[PDB]
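As a starting point, one isolated chain is supplied in structure tokens, in the form deposited in one PDB entry.
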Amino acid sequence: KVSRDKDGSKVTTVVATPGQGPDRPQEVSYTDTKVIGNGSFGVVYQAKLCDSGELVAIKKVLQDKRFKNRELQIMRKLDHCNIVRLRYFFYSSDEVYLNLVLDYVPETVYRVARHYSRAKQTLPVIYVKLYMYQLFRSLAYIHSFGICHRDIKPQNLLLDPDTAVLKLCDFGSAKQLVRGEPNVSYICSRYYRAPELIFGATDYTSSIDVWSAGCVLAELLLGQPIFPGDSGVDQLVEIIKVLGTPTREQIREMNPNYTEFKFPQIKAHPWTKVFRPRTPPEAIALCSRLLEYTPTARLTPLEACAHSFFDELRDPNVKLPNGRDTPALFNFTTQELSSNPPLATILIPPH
């Protein structure tokens, strides 16, 4: 159903299932359609809902009729203030496309960082704390369902510049990780790719996401990627140039069925001397606890939220630089705290 309204604007009307809530298809109309993204899957559009005037992002992906879509399945489960909301899904055009209608968010962490980096400046630490904290919250939430994003990178961190609200997006790499069931090794954007994946692990856990979050924190502190690999395995060289050569124990912790990379012995660089001189030590300390070789040695998302780097966010007096209140930071559900309930005492300040 494509029509023209009062003036002469192109209105598209589709039958779409609500993203969350009852499985009751309804007519949804939108206009002002334009391409804002693309990839192996297909295209991302900006559009405006006719009823409410609200901007949405529509991800359009080729669908194997017989094959069930993993991304749709995951997006239908999720309901969290730091994950972009699936509003609706619908099918369109001898092949069929799934269309995911999402809340539109006008910026990304990547673009905000590039603005600073292109001017050889760094993001003020308060922005770093707000973004990194909300990402760790989204990760606690999805990891509590056994769901691993597997593509944490600055481009998939949407933000409202005015409220400083962050939304995790692009669940196209996401998977429910099940003990015993192998996972693909070539996964995640290279710079953010956990060392176990480079060692070809198929038995990895949700902790590959914490490594990625570590790479994002480090990038925001440095003003450039901490591990800029030219390839999958040169990525490992770059990591070793900072963390040093991993021990046989660490390598076994990463992939117990690995083959020979036979790279030379390099000593670790001191963490503090990786970052610029005035970098806050609590920031550097959090980085060291995220970017551990041994996956089980990495802080959990909930633990990362409790780190002293975020202490400033739990100040009753804290405000955004633009003067407005901080967004919702402390309204933790049961599900969010499920990994370690007692952490609440730290994660929820007195008043």
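Residues that one form lacks are left out of the comparison. Between two forms, the rigid core is the largest collection of C-alphas that superpose within 1.5 Å. So that there is no doubt, residue numbering starts at 1 and follows the sequence shown.
- Where coordinates are absent for parts of the deposited sequence, a chain break appears; between neighbours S93 and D94 it spans 4 to 9 residues.
- Of the two segments examined, 31 to 39 and 60 to 68, it is 60 to 68 that shows the higher average Cα temperature factor in the deposited entry.
- Taking only CA atoms, the mean B-factor in the PDB entry is higher for 180 to 188 than for the other of 213 to 221 and 180 to 188.
- Considering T108, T259, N99, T205 together, the PDB entry gives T259 the largest C-alpha B factor.
- Looking at the C-alpha B-factors along this chain, the one for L86 belongs to the lowest third.
- In this PDB entry, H143 carries a Cα temperature factor that places it within the middle third of its chain's modelled residues.
- Annotation for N317: C-alpha temperature factor in the highest third relative to the rest of the modelled chain, per the entry.
- Among all modelled residues in this chain, the alpha-carbon of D79 has a temperature factor (C-alpha) in the middle third.
- In this PDB entry, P228 carries a Cα temperature factor that places it within the lowest third of its chain's modelled residues.
The discussion below concerns the form deposited in another entry, not included here.
- The residue among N322, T296, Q26, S40 whose Cα moves by 2 angstroms or more between this form and the one not shown, once the core is superposed, is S40.
- Taking 2 Å as the criterion, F145 does not count as shifted between this form and the one not shown: its C-alpha moves by less than this amount when the rigid core is aligned.
- After superposing the rigid core, the C-alpha of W271 moves by less than 2 Å between this form and the one not shown.
- Once the rigid core is used as the reference frame, the Cα position of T259 differs between this form and the one not shown by 2 Å or more.
- The gap between the Cα atoms of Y30 and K68 is larger in the other form, by no less than 3 Å, than in this form.
- Between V28 and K68, the C-alpha separation grows by 3 Å or more in the other form, relative to the conformation displayed.
- In sequence order, 38 to 41, 64 to 69, 256 to 265 are the runs of at least 3 consecutive residues whose Cα positions differ by 2 Å or more between this form and the one not shown once the rigid core is superposed.
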